[PDB]
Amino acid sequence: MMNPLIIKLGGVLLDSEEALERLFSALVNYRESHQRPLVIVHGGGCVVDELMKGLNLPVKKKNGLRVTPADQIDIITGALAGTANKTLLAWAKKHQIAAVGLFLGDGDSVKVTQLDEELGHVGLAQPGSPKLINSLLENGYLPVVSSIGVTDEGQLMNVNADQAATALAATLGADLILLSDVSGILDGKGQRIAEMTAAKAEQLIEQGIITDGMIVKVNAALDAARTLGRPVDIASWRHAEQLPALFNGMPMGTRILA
């Protein structure tokens, strides 16, 4: 089988029925026209931010990573490993896609350990075993993986989805594309930056151009690019007409060069 292609899904578009319908329409068209096996890794920081409101809880992110206290890991796991994951599985079913929902601990796909006591139950993701997912792919299923993981001691961990995607990419030797709610990395004037290198990324970060979630995203992209030795793109899945070319490997956002 060919090297898989991991499509990481994130952004506020995860809360759009029209966006999801358009996306799954394009996924089906791609699947039925390409032999390359697909794997979906999803985030859902928005679903969490909403549930923390209905719950009246605060949201603190220490440089892109959400502080996850022990008293909030269950709620977060519910939102990400449950709600977000099963919502995507429902859309796949609606589109006759045979999918299987998983989290990082299934088949030890992605190894996770506590990153920093200051962050709480936030995990550091690293390559695991590709056996389970490789078998699922060889049997014709579309794995849909959340970013919740678990340590060997049995503690649930919240992994930022971008880092989970990169770790899984190395595990599977797969290509990676990071889809968000913005047309790639934007510059000081808010215009799309076509190509990105580690040196340029550093500059923009120091200048304060790349902040919050995009800092974590560009770093995960660079890691994947140098690890896989292939370019990694950051693009938007907001506009239907661009979806086709996007999956075809066309530069639609910011291409991260190894």
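Take the two forms, superpose them, and find the largest set of C-alpha atoms that agree within 1.5 Å; that set is the rigid core. Residue indices: 1-based, along the sequence shown.
RMS CA shift, core-fitted in 4 other deposited structures of this protein, bigger for 211-219 or for 192-200: Output: 211-219, the stretch lying farther off on average in 4 other deposited structures of this protein.
Which of 231-239 and 8-16 lies farther from this form in 4 other deposited structures of this protein, as RMS of C-alpha positions after a rigid core fit: So, of the two stretches, the farther one in 4 other deposited structures of this protein is 8-16.
Comparing 182-190 with 93-101, the one whose average Cα B-factor in the PDB entry is higher: It is 182-190 that shows the higher mean C-alpha B-factor.
131-139 versus 159-167 - greater average Cα B-factor per the deposited record: Comparing 159-167 with 131-139, the higher average CA B-factor belongs to 131-139.
Residue of maximum C-alpha B factor among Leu27, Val218, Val48, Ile40, per deposited coordinates: Highest CA B-factor of the listed options: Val48.
Chain-wide C-alpha B factor ranking for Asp233, given as lowest, middle or highest third: For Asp233, whose C-alpha B-factor we compare with every modelled residue in the chain, the answer is the middle third.
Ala224 - which third its CA temperature factor falls in, relative to the rest of the chain: Lowest third, going by the recorded CA B-factors of the chain.
B-factor third for the C-alpha atom of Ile7 within its chain: Lowest third.
Ranked C-alpha temperature factor of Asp108 among modelled chain residues, by third: It belongs to the lowest third of the chain when residues are ordered by C-alpha B-factor.
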